[PDB]
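Enquirer: Structure in structure tokens, see below.
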Amino acid sequence: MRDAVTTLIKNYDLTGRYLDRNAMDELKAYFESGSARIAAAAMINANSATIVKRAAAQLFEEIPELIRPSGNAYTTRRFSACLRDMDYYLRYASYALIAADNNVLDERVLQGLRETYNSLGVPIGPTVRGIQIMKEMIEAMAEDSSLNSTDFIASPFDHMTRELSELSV
Amino acid sequence: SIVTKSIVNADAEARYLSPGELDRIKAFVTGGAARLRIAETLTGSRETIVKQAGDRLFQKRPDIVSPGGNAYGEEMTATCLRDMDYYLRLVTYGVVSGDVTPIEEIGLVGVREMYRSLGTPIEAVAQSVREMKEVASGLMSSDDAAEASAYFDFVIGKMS
Amino acid sequence: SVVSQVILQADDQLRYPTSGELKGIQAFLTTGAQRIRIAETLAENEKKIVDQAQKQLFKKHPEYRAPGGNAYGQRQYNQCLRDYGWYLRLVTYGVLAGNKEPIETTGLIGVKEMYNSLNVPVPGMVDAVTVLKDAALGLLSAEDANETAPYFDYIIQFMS
Amino acid sequence: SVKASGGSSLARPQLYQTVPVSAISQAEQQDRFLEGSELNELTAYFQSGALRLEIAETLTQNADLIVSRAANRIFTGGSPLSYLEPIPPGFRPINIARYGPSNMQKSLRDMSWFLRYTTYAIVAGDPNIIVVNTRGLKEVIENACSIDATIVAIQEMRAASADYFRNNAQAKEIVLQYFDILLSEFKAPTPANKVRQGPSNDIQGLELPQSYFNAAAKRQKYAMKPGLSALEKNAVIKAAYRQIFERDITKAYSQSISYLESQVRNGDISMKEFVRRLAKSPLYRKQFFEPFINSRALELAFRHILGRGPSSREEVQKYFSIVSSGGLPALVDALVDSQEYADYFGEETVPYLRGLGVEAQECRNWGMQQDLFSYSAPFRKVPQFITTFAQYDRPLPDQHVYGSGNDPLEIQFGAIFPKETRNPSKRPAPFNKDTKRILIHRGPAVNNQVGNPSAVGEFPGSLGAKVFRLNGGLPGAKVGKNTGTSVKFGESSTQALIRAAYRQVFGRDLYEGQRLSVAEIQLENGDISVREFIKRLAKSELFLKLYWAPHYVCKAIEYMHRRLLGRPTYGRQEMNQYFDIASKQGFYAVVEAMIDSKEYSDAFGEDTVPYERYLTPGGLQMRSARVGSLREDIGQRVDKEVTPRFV
Amino acid sequence: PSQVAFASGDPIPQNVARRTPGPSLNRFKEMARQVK
Amino acid sequence: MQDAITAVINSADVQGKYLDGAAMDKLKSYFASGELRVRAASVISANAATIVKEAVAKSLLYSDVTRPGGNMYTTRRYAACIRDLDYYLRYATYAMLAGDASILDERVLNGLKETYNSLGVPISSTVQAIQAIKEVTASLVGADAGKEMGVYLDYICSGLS
Amino acid sequence: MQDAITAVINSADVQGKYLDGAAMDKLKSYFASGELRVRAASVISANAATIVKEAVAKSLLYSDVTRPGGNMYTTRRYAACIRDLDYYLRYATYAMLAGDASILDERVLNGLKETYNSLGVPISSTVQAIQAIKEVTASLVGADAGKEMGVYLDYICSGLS
Amino acid sequence: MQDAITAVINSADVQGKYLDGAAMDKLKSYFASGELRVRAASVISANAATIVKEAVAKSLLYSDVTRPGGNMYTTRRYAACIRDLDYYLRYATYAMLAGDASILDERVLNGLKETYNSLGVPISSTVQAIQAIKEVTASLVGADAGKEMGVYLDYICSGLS
Ligand SMILES: *[C@@H](C)[C@H]1/C(=C/c2[nH]c(/C=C3N=C(/C=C4\NC(=O)C(CC)=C4C)C(C)=C\3CCC(=O)O)c(CCC(=O)O)c2C)NC(=O)[C@@H]1C
Ligand SMILES: *[C@@H](C)[C@H]1/C(=C/c2[nH]c(/C=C3N=C(/C=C4\NC(=O)C(CC)=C4C)C(C)=C\3CCC(=O)O)c(CCC(=O)O)c2C)NC(=O)[C@@H]1C
Ligand SMILES: *[C@H](C)[C@H]1/C(=C/c2[nH]c(/C=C3N=C(/C=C4\NC(=O)C(CC)=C4C)C(C)=C\3CCC(=O)O)c(CCC(=O)O)c2C)NC(=O)[C@@H]1C
Ligand SMILES: *[C@H](C)[C@H]1/C(=C/c2[nH]c(/C=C3N=C(/C=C4\NC(=O)C(CC)=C4C)C(C)=C\3CCC(=O)O)c(CCC(=O)O)c2C)NC(=O)[C@@H]1C
Ligand SMILES: *[C@H](C)[C@H]1/C(=C/c2[nH]c(/C=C3N=C(/C=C4\NC(=O)C(CC)=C4C)C(C)=C\3CCC(=O)O)c(CCC(=O)O)c2C)NC(=O)[C@@H]1C
Ligand SMILES: *[C@H](C)[C@H]1/C(=C/c2[nH]c(/C=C3N=C(/C=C4\NC(=O)C(CC)=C4C)C(C)=C\3CCC(=O)O)c(CCC(=O)O)c2C)NC(=O)[C@@H]1C
Ligand SMILES: *[C@H](C)[C@H]1/C(=C/c2[nH]c(/C=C3N=C(/C=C4\NC(=O)C(CC)=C4C)C(C)=C\3CCC(=O)O)c(CCC(=O)O)c2C)NC(=O)[C@@H]1C
Ligand SMILES: *[C@H](C)[C@H]1/C(=C/c2[nH]c(/C=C3N=C(/C=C4\NC(=O)C(CC)=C4C)C(C)=C\3CCC(=O)O)c(CCC(=O)O)c2C)NC(=O)[C@@H]1C
Ligand SMILES: *[C@H](C)[C@H]1/C(=C/c2[nH]c(/C=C3N=C(/C=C4\NC(=O)C(CC)=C4C)C(C)=C\3CCC(=O)O)c(CCC(=O)O)c2C)NC(=O)[C@@H]1C
């Protein structure tokens, strides 16, 4: 696990350089945005269950075949597992928001996600769609809430979209 | 990092971030400006700290500098000053991160095995960082000195 | 307490508390004057909070007071306000200590199968905490509310 | 994208338990033939199964009538069956128009699917399919559907199925109890999720719903209690041998430590202490420590004691430091005296393999643990955990796009490929389409076509392979040497070219009855060029038999490209091209495409015999990282040896 | 005795239906109804 | 693993329809066979030690495999092959009573090729050994039940080859 | 463990009542003296190796216990006592930080008293060693925090005896 | 693993013939060199950390690897490299005592190239480090036993490549 601070340390440690003007400015940018990052994390901690359920309800209306037969969200067992997965992605994005780094998103989520989903027969397309629906649900709620910075919210979910999804082009 | 420690603790229980952790990150964020002040003074005076505490080491412990010692010779003395420059850089990473995790992972895990292989007394390296603590403390304010010393003292404990 | 969480984490790695860990304690001990202030304004003003929370719950959920409910008897209805009084009591313990641990051990750890064996809906009690939260923070001042808010939100998380 | 892949072995989750499944797997886990018990489980089921067919057949046919009589009773204000896809607690009949069409379509299909799962339950003979799919359903349906209306709907169906059937008390009670389970599971609120807490900071915490661990076949858990009769005590010890040694070795070879068996049977040492002593025993040491590397023996020790694979990179790093310090005993001691071991198994319970179904799984070491739980794990001697974990942080490795197995050894002759089955060393890596592999040029480093594409037809000047060209005049080209001239000097040069042209297509020199004599003399007469001659030798039936037919399709394509062009394929773009030709046109056209390629024409003319131009970094390492051939200034600090000043 | 033949005898053919467009293409099904 | 019944229900659940006709026909053929499939299994279970005895005698014994240089020479290797043919008999019994070779897929042929190639076990010699079991079981139990065992024992044989 | 802050909470939890002014006064005392506890912990943490040595040399070294016949003679047993005193100081620091001696009741004096009787470890010599720890830590940190530290080290002394 | 005694037994066992005079001479050669092997093992065991000390100084120190960006910059990496050379020296002595390179192809090399590739460890550098060990070991013990040690250290270098 690595945050924005640890990533910058590791970058300068590799070269064996002291923290320069560019290094101090990037840290100062993190510390000024940090107050907004905790406040964004306080928002999603409040509405953890409500967002997951509503984003799923939007997903199964977009792609109805999931909750239909031969779908991988048909049964209660599958429905509970999918909402659990939707809970996972929101929880690890929650960690990624404060960290301001997608290393936590890589290490513990994305690293062996494709291998697992290909094994059980879990779709990878509707998954990243469900993550993107969650993103739009956070951003709209963050726009509604008194938050100055909301641009950093898109970052972890887009990284979740970029890494997991198949390379079309 | 403190942020690293807070998330990892939260993830292990799988419960999101607790209000107790969120308060500690908030304390880290607010104290980040003070952390950058201490780091800037350490990175700014990196040439002076190593030179002063290095000279302090060679006066207090002349045995390492004396023939038969580990740091005897122009090249070996330069390597010792390079080592002190490495540990001061590790301190600046620590101050910035808030904790002593970067100091651990890079240059504290297996120092005893390293300096045994080189034939360096570990108590003498413990002296050099302790002298680096005293020089750095006598450049910044009392609150800044007490904050920085906590990172230095952790190195001392891992050394000896 | 956040004091306990640090010394648990230190003992787990078999070491003393670190620089960033000790500062996390230092931050809490200073803001302890505010922590005391949370207790009095909730304990003495319990009767207003509990009555507002219950009247908003049974309005939004007219099922338990309705035939084939859960709290139909007057001895059963007192037990719903008993839980409300106990949860706000647990909130105060959590804030004062600084973490979720007091709320965790007493009224969160194995709380689902608690009400499952009493036919009390957990999705019904997740809406009970929200109205208790809304009533509490309304009486509290602006800066005081934001401190007490994430403690309530954690209870919501663990329920449903 | 991810830079490393652990593998994606097929996962088979048990969606629901049946009576045959419950009976067979019970003795399978015990490693026994089905005894008088488990046979009687089937015997009673197979006899009742004929009746269970009659239950479903009636319910499948009259399925339309049951759901019609249900919906009419529950929903009021019109007809609910317009758009078909006893104890009231206090329900209110829901309006059709008020509920909305979208909600009504859900309501109708669920009522049919409840009855459909009831019919499957009788046929299966186990209400497991009900228990799983009904337990955590009350909560999720509460939001936009009334619970009071559902209970009376099932209770209506209970009466509806009872009156329609009504055969015998030995027959109808099966219908009654399965419906009775259905309503009770639906009345039951959603249970708490199984929380897999992380043992340390390195490992993430997980959660699994109380539904996934209700069907996925519970692992038989054996606990040594001191009072047990010695038959089930033997069953505990046999299971303990089946965990540590992967198999019952006491049955197989009569390899057993009775010294340890006696102490546990009494209760002198616990099962925790037994596992400790059995994993530091010479019996385990010979089998799961001696044949394996320190890293792999560690990975095996994880599944034997903790019953899982190493979860994180930091965990492998920690436990490898232990096995380096004190060895096997210290490793075993660290594994048994862990916070995880005493939480899962405690002191009395035998360790068990916790996989896909037993607990929540992490998306990190999926395929690494899948191959580990297999009985073919102690044959994979290449570590799977520490390799993948390190490759995760690093970028994409020096590897063929279709895996490490697709790479041949860089040798003079013989297509030698790592077998998937023989010694599992499969290293998957997520390679995308436009991924060019960095290749080391045999000649000058400046003469690489990646940086200097103009210098593609530049000959390696005593740096790489020798270039063979038909520069000299072929014998009997012009009618200058009339009739005679027995000593025509330009004859040995073209014959040496032929042999080298044979050596390029087929790494080795061929036998007497293998040389294409027709193609040789046409080149010697000057009827065909070298380009045509190389093509003919690669279009030969011998090349098909020796390199194409015995090998995997893409392995055969890769090796052919390394022979005809003297270059490994850059990535997917080239490999997919020749693989598309291999599918549609065949082997001969793949040969044709590789010769008639522009890059072939640029590197080698009409007279130029192909040669090794580019190597893989792994291939050059095999050549120039041995004891000899390796220079002093490769990866070593060079000190200038000067005579001292006193000398 | 020849009742035991389940997998050894003649296999029972199973009806697997062709997969049809689902409610994701309800937009296009509406369009196909108006394209007449 | 999956048996025949769950495979029928799974195919019905994927299509999302009731067990109409074709699904019922495979079920009724399974339940009718079940009584004799239990009887065959019980005989195989009781004669498990004796079936192997004759099978090794027909195929493996008095051959180059048992002779020095072979893979069934050393006593440890002998007892391992005895255990292996005991596994093949048991998992063919399992698949008989399941009515599906899915147990042979996930528990036998998950990495039977992975273990045998790594150790250096002859495939042809193992195939002949299982073929010897097939003939012994057909002579001991019956020609009808032997063919019922035969389809699963040939599945391992084709699974190795 | 049960901290001094959580001590009044758990006492109110058993009573089932809210924290009164007669209970919060002890909490106010912990909030006031908390900054003293952190600095005391920071000094001990840094000088962890030195406190032990200054105590062992004062009490244990050049005595009958370190000489042949004693329990602290062999290097194996010498390293054990050094390890013990390292754990003794570390857990006393925890109790000093938490403000309560519950961690000494849970994670120290659980079965430590009975193990020492089993091996034949002298109780009087161990008490003297902890008393030697007490005097060193008071000289290093101060009289203000060292007297407070001395209470928890007395709890170990009273626990062993 | 196999030693020189077990190797010639197994070679006779696979053929299924008794140990003849030519096979007996292989044993007699080992029993002649056995005194040289035991004495060599005692020297290396004594200077186990000392041999590595000189080897790292000759090859690895003051190079690219130790400098920031290299594979021996961090103290964890450096300590692991010492640990790796401590492994190589210990197993080379095992193979020397055994008189066969069976343990090296079992516990040292079989799945080492794959790990070293994955971690990003330079094989070209570590080979030179083992060659640095080879020169130190031969100088300390002797020319007779250092050549014997040399073979097994070269065996590791060959397996790594
Ligand atoms: C006198 C010794 C007893 C006896 C022996 C007997 N043995 C067999 C069959 C076999 N015996 C072995 C044993 C070994 N072969 C090996 O390679 C080793 C390890 C070095 C041993 C110990 C084996 C494997 C066979 C099979 C023979 C083959 O090569 O295929 C028989 C024949 C059994 C049969 O009926 O076929 C016999 C008779 N018989 C007695 O009653 C004596 C007490
Ligand atoms: C007769 C069958 C042939 C033969 C067999 C043989 N097998 C082994 C070793 C192993 N056999 C297995 C296979 C399984 N174990 C399982 O758990 C399962 C699934 C239920 C099977 C099928 C395994 C894993 C091993 C290795 C572990 C062990 O020792 O038991 C050997 C020994 C090989 C060796 O030298 O170690 C042999 C000889 N070989 C023949 O010669 C026959 C043709
Ligand atoms: C209310 C009178 C009726 C009703 C309405 C309703 N159903 C859904 C959708 C779902 N139905 C299920 C239930 C099942 N899953 C199973 O495994 C089984 C077999 C035992 C059943 C019957 C589930 C999981 C869903 C959600 C998936 C989907 O979208 O289809 C809804 C939508 C829920 C929402 O508001 O998001 C509604 C309103 N279902 C009943 O039980 C009554 C008959
Ligand atoms: C919902 C968005 C989609 C969906 C989900 C689904 N997933 C599984 C199976 C598993 N899910 C995981 C994956 C993870 N566990 C982790 O640790 C992480 C990283 C935080 C993830 C994302 C795993 C390990 C499993 C298998 C075991 C388990 O449940 O823990 C299922 C179950 C499949 C089945 O039927 O067996 C489902 C339903 N499926 C969809 O169709 C949605 C688009
Ligand atoms: C000075 C405080 C003391 C001292 C120093 C000394 N060190 C060496 C040798 C090395 N020091 C290191 C250690 C590090 N380099 C790193 O990158 C890190 C992590 C940040 C550390 C801690 C290394 C690797 C070397 C080897 C040199 C190289 O880079 O290759 C020496 C030389 C020893 C010799 O004779 O070879 C010396 C003198 N010694 C003292 O006496 C002082 C107390
Ligand atoms: C003879 C001493 C023993 C023997 C030899 C044998 N070799 C093969 C086949 C091959 N030989 C090689 C090896 C090499 N490739 C190289 O690059 C070099 C160095 C220049 C060599 C020596 C290769 C690659 C093969 C594979 C086929 C080919 O010829 O390209 C065989 C045939 C194996 C087969 O089954 O095809 C044999 C028998 N084996 C013995 O029995 C002798 C003791
Ligand atoms: C200079 C910064 C340092 C250095 C460089 C160096 N490189 C080589 C040899 C090669 N370099 C590459 C690498 C690449 N080719 C690619 O396609 C890419 C990606 C765009 C790169 C970066 C290759 C393939 C080679 C091998 C020869 C070839 O060109 O095919 C050498 C020569 C090594 C030799 O012994 O032959 C050198 C010296 N080394 C230093 O000293 C600098 C720090
Ligand atoms: C002389 C070679 C070096 C040296 C010696 C030295 N040792 C001590 C301290 C002690 N030595 C021991 C250790 C042992 N007692 C045992 O039972 C064994 C194993 C059989 C040994 C080796 C002990 C217990 C002590 C404590 C003294 C006591 O009697 O209580 C000292 C004194 C340290 C001090 O200043 O207090 C000394 C000087 N030191 C050197 O410099 C030499 C290289
Ligand atoms: C020193 C000569 C060079 C070097 C070594 C180096 N190794 C590691 C880490 C590991 N070492 C191994 C290898 C082995 N596992 C085995 O089973 C055996 C045979 C008994 C060995 C020798 C493995 C698997 C690891 C991983 C464990 C770990 O994480 O420490 C490192 C650390 C690299 C890292 O931090 O990722 C290093 C540096 N590399 C060099 O730079 C030297 C030239």
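A note on labels: chains of the structure tokens are A, B, ... as shown, every chain counts residues from 1, and ligands are counted from 1 in their shown order.
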Quick check: residues of chain H within 12 Å of chain A, only C-alpha atoms, returned as a list in words.

Expert: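 Per the criterion, chain H yields residues 66, 67, 68, 69, 70, 71, 72, 73 and 74 of chain H.
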
Enquirer: Could you turn the residues from that selection into a file that holds N, CA, C and O atoms, as a PDB file, in the first residue's frame?

Expert:
```pdb
ATOM      1  N   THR H  66      24.982  -1.159  -5.713  1.00  0.00           N
ATOM      2  CA  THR H  66      24.842  -0.607  -4.373  1.00  0.00           C
ATOM      3  C   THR H  66      24.350   0.840  -4.425  1.00  0.00           C
ATOM      4  O   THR H  66      23.723   1.311  -3.477  1.00  0.00           O
ATOM      5  N   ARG H  67      24.647   1.529  -5.536  1.00  0.00           N
ATOM      6  CA  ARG H  67      24.298   2.927  -5.745  1.00  0.00           C
ATOM      7  C   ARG H  67      22.792   3.070  -5.973  1.00  0.00           C
ATOM      8  O   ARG H  67      22.158   2.132  -6.456  1.00  0.00           O
ATOM      9  N   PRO H  68      22.175   4.231  -5.620  1.00  0.00           N
ATOM     10  CA  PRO H  68      20.733   4.443  -5.793  1.00  0.00           C
ATOM     11  C   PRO H  68      20.241   4.211  -7.220  1.00  0.00           C
ATOM     12  O   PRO H  68      20.753   4.808  -8.167  1.00  0.00           O
ATOM     13  N   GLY H  69      19.231   3.339  -7.343  1.00  0.00           N
ATOM     14  CA  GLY H  69      18.705   2.901  -8.626  1.00  0.00           C
ATOM     15  C   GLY H  69      19.006   1.426  -8.885  1.00  0.00           C
ATOM     16  O   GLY H  69      18.297   0.774  -9.651  1.00  0.00           O
ATOM     17  N   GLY H  70      20.060   0.920  -8.229  1.00  0.00           N
ATOM     18  CA  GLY H  70      20.500  -0.460  -8.357  1.00  0.00           C
ATOM     19  C   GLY H  70      19.639  -1.424  -7.544  1.00  0.00           C
ATOM     20  O   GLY H  70      18.641  -1.026  -6.942  1.00  0.00           O
ATOM     21  N   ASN H  71      20.059  -2.696  -7.529  1.00  0.00           N
ATOM     22  CA  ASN H  71      19.301  -3.780  -6.922  1.00  0.00           C
ATOM     23  C   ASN H  71      19.863  -4.109  -5.537  1.00  0.00           C
ATOM     24  O   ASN H  71      19.480  -5.108  -4.934  1.00  0.00           O
ATOM     25  N   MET H  72      20.761  -3.252  -5.033  1.00  0.00           N
ATOM     26  CA  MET H  72      21.361  -3.426  -3.718  1.00  0.00           C
ATOM     27  C   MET H  72      21.484  -2.079  -3.005  1.00  0.00           C
ATOM     28  O   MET H  72      22.388  -1.886  -2.192  1.00  0.00           O
ATOM     29  N   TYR H  73      20.556  -1.162  -3.307  1.00  0.00           N
ATOM     30  CA  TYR H  73      20.569   0.168  -2.719  1.00  0.00           C
ATOM     31  C   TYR H  73      20.023   0.119  -1.293  1.00  0.00           C
ATOM     32  O   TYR H  73      20.713   0.527  -0.358  1.00  0.00           O
ATOM     33  N   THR H  74      18.785  -0.375  -1.145  1.00  0.00           N
ATOM     34  CA  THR H  74      18.115  -0.457   0.145  1.00  0.00           C
ATOM     35  C   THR H  74      18.784  -1.528   1.003  1.00  0.00           C
ATOM     36  O   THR H  74      19.345  -2.490   0.477  1.00  0.00           O
TER      37      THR H  74
END
```

Enquirer: What's around range 518-527 of chain D at 8 Å? Count only C-alpha atoms, leave out sequence neighbours fewer than 6 positions away in its own chain, and write the answer as a tab-separated table (two decimals) with N, CA, C and O atoms, in the first residue's frame.

Expert:
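Here's the written file part23.tsv:
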```tsv
chain	number	residue	atom	x	y	z
D	474	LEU	N	27.72	-19.07	-60.23
D	474	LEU	CA	27.32	-20.47	-60.12
D	474	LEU	C	27.93	-21.27	-61.27
D	474	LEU	O	28.11	-20.74	-62.37
D	475	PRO	N	28.29	-22.56	-61.06
D	475	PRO	CA	28.94	-23.37	-62.10
D	475	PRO	C	28.01	-23.68	-63.27
D	475	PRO	O	26.89	-24.15	-63.08
D	476	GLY	N	28.50	-23.39	-64.49
D	476	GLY	CA	27.75	-23.57	-65.72
D	476	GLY	C	26.70	-22.48	-65.92
D	476	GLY	O	25.57	-22.78	-66.31
D	477	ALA	N	27.09	-21.23	-65.66
D	477	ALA	CA	26.24	-20.07	-65.85
D	477	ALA	C	26.37	-19.57	-67.29
D	477	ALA	O	25.36	-19.36	-67.96
D	494	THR	N	29.09	-22.83	-53.65
D	494	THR	CA	27.64	-22.94	-53.80
D	494	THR	C	27.11	-24.15	-53.02
D	494	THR	O	25.96	-24.14	-52.58
D	498	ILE	N	24.42	-24.22	-49.94
D	498	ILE	CA	23.30	-25.16	-49.89
D	498	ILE	C	23.20	-25.76	-48.49
D	498	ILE	O	22.12	-25.79	-47.91
D	533	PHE	N	14.69	-21.09	-52.84
D	533	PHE	CA	15.29	-22.32	-52.35
D	533	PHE	C	14.99	-22.50	-50.86
D	533	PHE	O	14.70	-23.62	-50.42
D	536	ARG	N	11.35	-23.41	-50.49
D	536	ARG	CA	11.08	-24.79	-50.88
D	536	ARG	C	11.48	-25.76	-49.76
D	536	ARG	O	10.82	-26.78	-49.59
```

Enquirer: Report as a ChimeraX atom specification: the residues of chain E with a DSSP assignment of alpha helix (DSSP H), based on the backbone of this structure.

Expert: /E:26-33

Enquirer: Please return, as number ranges by chain, all residues of chain D lying within 8 Å of chain A when only C-alpha atoms are considered.

Expert: D: 1-2, 4-13, 132-134, 136-137, 204, 207-209, 211-212, 362-367, 392, 432

Enquirer: Tell me which protein, DNA and RNA residues are within 12 Å of range 17-22 of chain H, counting only C-alpha atoms, leaving out same-chain ones fewer than 3 positions away, and put them as a PyMOL selection string.

Expert: (chain F and resi 67-69) or (chain H and resi 5-14+25-29)

Enquirer: Which of these residues is nearest to residue 106 in chain H, using only C-alpha atoms: H:32, H:159, H:38, H:75?

Expert: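 Looking at the shortest contact to residue 106 in chain H, the residue is H:159.
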
Enquirer: Hey, which of A:128, A:67, A:23, A:98 ends up closest to chain B? Count only C-alpha atoms.

Expert: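 Distance minimum relative to chain B lands on A:98.
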
Enquirer: For ligand 2, return the neighbouring residues as an MDAnalysis selection string (distance at most 8 Å; only C-alpha atoms and all ligand atoms).

Expert: (chainID D and resid 246:247 249 252 375:376 378) or (chainID F and resid 60 65:66 70:73 76:85 87:88 91 107:108 112 115:116 119:127 129:130)

Enquirer: Take the selection from the previous step and output its residues with C-alpha atoms, as a PDB file, in the first residue's frame.

Expert:
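Saved the output as out.pdb:
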```pdb
ATOM      1  CA  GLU D 246      -1.786 -33.980   0.965  1.00  0.00           C
ATOM      2  CA  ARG D 247      -2.781 -37.680   1.035  1.00  0.00           C
ATOM      3  CA  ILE D 249       0.310 -41.904   3.536  1.00  0.00           C
ATOM      4  CA  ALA D 252      -0.499 -45.904   1.063  1.00  0.00           C
ATOM      5  CA  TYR D 375      -2.756 -32.329  -5.737  1.00  0.00           C
ATOM      6  CA  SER D 376      -0.407 -31.416  -8.619  1.00  0.00           C
ATOM      7  CA  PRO D 378       4.131 -30.571  -5.109  1.00  0.00           C
TER       8      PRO D 378
ATOM      9  CA  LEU F  60       1.568 -54.502 -15.072  1.00  0.00           C
ATOM     10  CA  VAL F  65       7.520 -51.552 -15.942  1.00  0.00           C
ATOM     11  CA  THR F  66       7.921 -53.766 -12.850  1.00  0.00           C
ATOM     12  CA  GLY F  70      10.760 -49.201 -14.962  1.00  0.00           C
ATOM     13  CA  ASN F  71       8.508 -46.812 -13.032  1.00  0.00           C
ATOM     14  CA  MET F  72       6.829 -49.607 -11.034  1.00  0.00           C
ATOM     15  CA  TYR F  73      10.088 -51.189  -9.845  1.00  0.00           C
ATOM     16  CA  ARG F  76       7.323 -47.194  -2.775  1.00  0.00           C
ATOM     17  CA  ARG F  77       6.454 -46.691  -6.464  1.00  0.00           C
ATOM     18  CA  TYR F  78       4.600 -50.038  -6.516  1.00  0.00           C
ATOM     19  CA  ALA F  79       2.396 -49.062  -3.545  1.00  0.00           C
ATOM     20  CA  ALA F  80       1.823 -45.636  -5.143  1.00  0.00           C
ATOM     21  CA  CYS F  81       0.446 -47.225  -8.338  1.00  0.00           C
ATOM     22  CA  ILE F  82      -1.686 -49.563  -6.177  1.00  0.00           C
ATOM     23  CA  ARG F  83      -3.091 -46.432  -4.479  1.00  0.00           C
ATOM     24  CA  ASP F  84      -3.521 -44.742  -7.884  1.00  0.00           C
ATOM     25  CA  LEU F  85      -5.544 -47.638  -9.346  1.00  0.00           C
ATOM     26  CA  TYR F  87      -8.191 -43.862  -6.807  1.00  0.00           C
ATOM     27  CA  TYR F  88      -9.220 -44.638 -10.407  1.00  0.00           C
ATOM     28  CA  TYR F  91     -13.574 -41.967  -8.731  1.00  0.00           C
ATOM     29  CA  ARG F 107     -10.568 -33.889  -8.803  1.00  0.00           C
ATOM     30  CA  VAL F 108      -8.836 -36.327 -11.179  1.00  0.00           C
ATOM     31  CA  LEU F 112      -3.264 -35.749 -13.651  1.00  0.00           C
ATOM     32  CA  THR F 115       1.792 -34.981 -11.961  1.00  0.00           C
ATOM     33  CA  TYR F 116       2.466 -37.895 -14.335  1.00  0.00           C
ATOM     34  CA  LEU F 119       7.357 -37.704 -12.213  1.00  0.00           C
ATOM     35  CA  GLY F 120       7.850 -39.627 -15.475  1.00  0.00           C
ATOM     36  CA  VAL F 121       4.983 -42.138 -15.273  1.00  0.00           C
ATOM     37  CA  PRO F 122       4.326 -44.017 -18.585  1.00  0.00           C
ATOM     38  CA  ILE F 123       0.915 -42.999 -19.956  1.00  0.00           C
ATOM     39  CA  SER F 124       0.435 -46.148 -22.077  1.00  0.00           C
ATOM     40  CA  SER F 125       1.217 -48.435 -19.114  1.00  0.00           C
ATOM     41  CA  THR F 126      -1.305 -46.577 -16.920  1.00  0.00           C
ATOM     42  CA  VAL F 127      -3.980 -46.712 -19.657  1.00  0.00           C
ATOM     43  CA  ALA F 129      -3.774 -50.782 -16.172  1.00  0.00           C
ATOM     44  CA  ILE F 130      -7.129 -48.941 -16.071  1.00  0.00           C
TER      45      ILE F 130
END
```
